[PDB]
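A.B. asks: As a preliminary step, the opening chains of the complex are given here in situ:
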Amino acid sequence: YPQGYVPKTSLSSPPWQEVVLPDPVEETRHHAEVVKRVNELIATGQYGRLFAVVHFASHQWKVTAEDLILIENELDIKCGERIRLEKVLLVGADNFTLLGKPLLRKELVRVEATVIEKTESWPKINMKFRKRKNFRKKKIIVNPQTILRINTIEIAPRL
Amino acid sequence: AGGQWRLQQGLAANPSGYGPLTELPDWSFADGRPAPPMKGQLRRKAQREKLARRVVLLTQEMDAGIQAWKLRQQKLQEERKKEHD
Amino acid sequence: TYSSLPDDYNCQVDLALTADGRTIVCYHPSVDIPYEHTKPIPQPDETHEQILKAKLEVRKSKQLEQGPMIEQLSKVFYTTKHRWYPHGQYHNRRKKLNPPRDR
Amino acid sequence: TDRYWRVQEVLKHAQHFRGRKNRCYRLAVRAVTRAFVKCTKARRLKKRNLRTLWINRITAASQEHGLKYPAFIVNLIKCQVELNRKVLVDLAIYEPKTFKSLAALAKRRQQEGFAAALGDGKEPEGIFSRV
């Protein structure tokens, strides 16, 4: 028996099974090959509806055409004016998707939406838990609000 | 989660901390007009500017704090070596 | 065989990083079921209501009694008898008449 | 002379109560304050409950592909992926093909992470482990 030989048993081998990654040099060629084919797919425009993840305010919104998003604050923009969202981290197609690291280049993706309405919120109770609470010890919030309608998503083969 | 790994790479432990994602503007006009600076970003910017001025002032005061010691030693040194007539 | 996960069930997954490294490229074309791995539609020879009538056959004492009727209903749907019992007028009126529907 | 309107103010909030409470001002007033207090507290707890639901759904989706929830999250962070938990649920529900692609990416990073530990750091960073 060769040196450093251990017969296989319940405790001799780890429960996990080792795996072997492909060699880097050929692996990069596949990475380049995948990009070239996908670049042709983008050039051919072989996609219909698309979904994109856009971060606005303090929240991340997964977005698609015709989507309506509500932001609970003023934006200083008149209604009916198209605006461009500048924070997109993910865009998807029927048979392919693109992921930012952590964001895509501005050239690749352009997203535009329009302001629909500026409003406030319905009353929100703010009662307090104090001995002898009383019936006239409460507050209302009615925070401001705004409405946005997604308009278009634009991409180009700029890989 | 993941704060420890982010610190190892030198980034902020919380993704919501110091980073282009939070700092950069979140939108721009379709016409191309730049969006107004964010109120939160401006408020955060002001604090950093105030701290920077304090840091420079402290170091300037610190430089004198040690440099002056050398000027008081020169006065002590010259005082020891004295003569007349 | 670059993909680290089996591609034979949902779709072929090809994960690639762009040369610049600023983007991650994923190609996910769907995979169809092989013909040889499927069975033909039953050659020997339909509304769900028809099955319900056959399942809830009227056999004993013409229409069955309330208790047995619930038991037959409970057995078919693997539910408890308590669900089938009616409720009083007070709760019935409370139900909202026109719940909102969007899209 | 307007005590009736004061009663109506309590009544409008107590019309949906049950028993003599809904019709007795002495009891109706007390219930309304308690109901308002309950709603105020529930606002904070509502957000926490939603996060718990999102985590559970992600685990089921991850377990469907054979990946544990902690492993998936850590690999995504190591990959500079900053999707929030709520969005992760949405991707699985409506983009299963994309979610499977995400699962492979996380699995590859975990495999690279295991390889890096076995390598002991002598080997260079992996293609998917480049930061």
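C.D. replies: Great, that's in hand. Numbering: from 1, shown residues only, chains lettered A, B, ... in the order given.
A.B. asks: Just confirm residue A:97 is within a strand.
C.D. replies: Yes: counting by DSSP: H, G, I helix; E, B strand; the rest coil, residue A:97 is located in a strand.
A.B. asks: tally of neighbours for residue A:50?
C.D. replies: Burial of residue A:50 is recorded as 17 neighbouring residues (other Cβ atoms under 10 Å in any protein chain shown). No exception for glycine: its C-beta is placed from N, CA and C like everyone else's.
A.B. asks: Could you do residue A:63 as well?
C.D. replies: By other Cβ under 10 Å, the residues close to residue A:63 number 23.
A.B. asks: that's a helix at it, yeah?
C.D. replies: No: counting by three-state DSSP, one finds residue A:63 to be strand, located in no helix.
A.B. asks: and chain D, which of its residues are near chain A?
C.D. replies: Counting by Cβ under 8 Å from any Cβ of the partner chain, chain D comes close to chain A at D:10, D:29, D:32-33, D:36-37, D:39-41, D:43, D:79-84, D:86-87, D:90-91, D:94-95, D:98, D:101, D:111-112, D:114-115, D:118, D:126-127.
A.B. asks: now swap in chain C and tell me
C.D. replies: Within reach of chain A by Cβ under 8 Å from any Cβ, chain C has these residues: C:1-2, C:14-19, C:21-30.
A.B. asks: Just the buried ones from the residues you listed?
C.D. replies: With burial judged by 16 or more other Cβ atoms under 10 Å in any protein chain shown, the buried subset of these is C:2, C:14-18, C:23-28.
A.B. asks: ok so, going back, tell me, which of the residues of chain C next to chain A make contact with chain D?
C.D. replies: When contact is defined as Cβ under 8 Å from any Cβ, the residues of chain C next to chain A meet chain D at C:15, C:17, C:21, C:24, C:26, C:28, C:30.
A.B. asks: As a check, name the ranges of all strands in chain B.
C.D. replies: B:27-29 (DSSP state E).
A.B. asks: Just want the residue of chain B that's nearest chain C.
C.D. replies: residue B:20 (12.9 Å; Cβ to the nearest Cβ).
A.B. asks: So what's the residue count around the closest residue to that residue other than its chain neighbours?
C.D. replies: Computed as Cβ to Cβ, 6 or more residues apart in numbering or on different chains, the closest residue to residue B:20 that is not its neighbour in sequence is residue A:103, at 7.7 Å. Neighbour count of residue A:103, defined by other Cβ under 10 Å: 21.
A.B. asks: again with the one 3 residues further on
C.D. replies: By the measure other Cβ under 10 Å, the count of residues near residue A:106 is 11.
A.B. asks: what's the answer for the one 5 residues further on, then?
C.D. replies: For residue A:111, the count of nearby residues is 21 (other Cβ under 10 Å).
A.B. asks: same structure, new chain, call it chain E:
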Amino acid sequence: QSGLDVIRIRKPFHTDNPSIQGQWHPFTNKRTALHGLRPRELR
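C.D. replies: Putting chain E together with the chains above:
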């Protein structure tokens, strides 16, 4: 403001195309068998 009523909104999102890649169903990720043999089928 618009004529729309101002009350609690259950969901801040409205979309007419919830799914693009298809909704998940249990048969997703389930492997097929040759001849579509059901489990335990002698055949």
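A.B. asks: again for the neighbour count of residue A:106, since chain E is there now?
C.D. replies: Around residue A:106 there are 11 residues (other Cβ under 10 Å).
A.B. asks: Residue D:48 versus that one, what's the distance?
C.D. replies: Going from residue A:106 to residue D:48 by Cβ to Cβ, to the nearest Å gives 36 Å.
A.B. asks: Same question for residue D:104.
C.D. replies: Look at residue D:104 and residue D:48: by Cβ to Cβ, they are 32 Å apart.
A.B. asks: Helix, strand or coil: sort out residue A:119 for me.
C.D. replies: Per three-state DSSP, residue A:119 ends up strand.
A.B. asks: what about the helices in chain E?
C.D. replies: Secondary structure of chain E (DSSP state H): no helices located.
A.B. asks: tell me the contacts of residue B:12?
C.D. replies: B:6, B:18-19 (Cβ atoms under 8 Å, 6 or more residues apart in numbering or on different chains).
A.B. asks: Tell me the spacing between it and residue B:19.
C.D. replies: Taking Cβ to Cβ as the measure, residue B:12 falls 6 Å from residue B:19.
A.B. asks: which SS state does residue D:112 fall under?
C.D. replies: Applying three-state DSSP: residue D:112 is helix.
A.B. asks: Burial check on it, number of neighbours?
C.D. replies: By other Cβ under 10 Å, 22 other residues sit near residue D:112.
A.B. asks: That one is in contact with residue D:129, isn't it?
C.D. replies: Yes: with contact defined as Cβ atoms under 8 Å, residue D:112 reaches residue D:129; the gap is 4.7 Å.
A.B. asks: List the buried residues in the longest helix seen in chain C.
C.D. replies: If you go by DSSP H, chain C has its longest helix at helix C:66-77. Buried residues in helix C:66-77, counting neighbours by 16+ other Cβ under 10 Å, are found at residue C:70.
A.B. asks: For it, which helices and strands make contact with it?
C.D. replies: Under the contact definition 3 or more Cβ pairs under 8 Å, 6 or more residues apart in numbering or on different chains; DSSP states H and E, helix C:66-77 sits against helix C:81-84.
A.B. asks: tell me the contacts of the most centrally placed residue in chain D?
C.D. replies: By Cα atoms, centre = their mean, the mean C-alpha position of chain D lies nearest to residue D:51, the distance being 1.7 Å. Residues near residue D:51 by Cβ under 8 Å, 6+ apart: residue D:85.
A.B. asks: Okay, and it sits in which element?
C.D. replies: Residue D:51 is part of helix D:25-64 when elements are defined by DSSP states H and E.
A.B. asks: so, in contact with chain B or not, whichever helix or strand comes after that helix?
C.D. replies: Using DSSP H and E, the helix or strand that follows helix D:25-64 in sequence is helix D:69-78. Yes: interface with chain B: helix D:69-78 contributes D:73-74, D:77-78 (Cβ under 8 Å from any Cβ).
A.B. asks: Go ahead and add chain F:
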Amino acid sequence: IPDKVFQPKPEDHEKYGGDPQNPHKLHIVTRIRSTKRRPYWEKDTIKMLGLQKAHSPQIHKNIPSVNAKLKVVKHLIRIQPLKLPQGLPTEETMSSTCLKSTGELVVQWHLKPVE
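C.D. replies: Putting chain F together with the chains above:
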């Protein structure tokens, strides 16, 4: 507290990578605990140091008076030496300063990923 705690050893210098000469000038301190249920002297020291809010960066000098005050609250703070790879900021660059978690204060923020 005995000075031996603050008397370094050769292994400590290697572990923390700090040269015994050219001591660092500025301290970075953040409060990591509450002063509730703590004695009044501990409460007063925290108030004097200005660390009312937890996880708040503060600029302090590495001087004996500051060192003595920090020692009293040592267990409630994290001390990190401030580094200036690019040196002190100028008036023009005063607005471009940013302190990294590594402890280095850059005088120019280019909004480019370190990667």
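A.B. asks: ok chain F is loaded, check the neighbour count of residue A:103 again?
C.D. replies: Using other Cβ under 10 Å: residue A:103 sits among 22 other residues.
A.B. asks: so what's the backbone phi/psi at the residue nearest to residue D:64 when sequence neighbours are not counted?
C.D. replies: Leaving out its chain neighbours, the residue that sits closest to residue D:64 by Cβ to Cβ, 6+ apart is residue E:29, at 6.0 Å. Main-chain torsions, residue E:29, degrees, to the nearest 10: phi 70, psi 10.
A.B. asks: Could you pull up the contacting residues of residue E:29?
C.D. replies: Contacts of residue E:29 (Cβ under 8 Å, 6+ apart): C:9-10, D:64-65, D:96, D:100.
A.B. asks: need those residues in CSV with neighbour count, can you?
C.D. replies: Formatted as CSV, these follow (neighbours: other Cβ atoms under 10 Å in any protein chain shown):
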residue, neighbour count
C:9, 16
C:10, 22
D:64, 17
D:65, 21
D:96, 25
D:100, 27
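A.B. asks: that older thread, how far away is the residue nearest to the centre of chain D from residue A:102?
C.D. replies: In terms of Cβ to Cβ, residue D:51 sits 22 Å off from residue A:102.
A.B. asks: I'd like to know which residues of chain C are adjacent to chain D.
C.D. replies: For chain C, the residues in contact with chain D (Cβ under 8 Å from any Cβ) are C:3-5, C:10-11, C:13, C:15, C:17, C:21, C:24, C:26, C:28, C:30.
A.B. asks: and what of chain A?
C.D. replies: Checking chain A against chain D by Cβ under 8 Å from any Cβ, the hits are A:16, A:18-19, A:21, A:24, A:27-28, A:31, A:51, A:53, A:59-60, A:62, A:89-90, A:92, A:97, A:99, A:101-102, A:124-129, A:133-135, A:138.
A.B. asks: who's in contact with the residue nearest the centre of chain A?
C.D. replies: A centroid search over chain A (Cα atoms, centre = their mean) returns residue A:53, at 2.8 Å, as the residue closest to the centre. By Cβ under 8 Å, 6+ apart, the contact set of residue A:53 is A:60-63, A:88-91, D:83, D:87.
A.B. asks: Report the spatially closest residue to residue 16, excluding sequence-adjacent ones.
C.D. replies: Picking chain A for this. Using Cβ to Cβ, 6+ apart, the closest residue to residue A:16 is residue D:114 (7.8 Å).
A.B. asks: Let me rephrase: I mean chain C.
C.D. replies: Ranked by Cβ to Cβ, 6+ apart and with sequence neighbours excluded, the top spatial neighbour of residue C:16 is residue A:34, at 3.5 Å.
A.B. asks: quick one: secondary structure of that neighbour?
C.D. replies: Relying on three-state DSSP, one would call residue A:34 helix.
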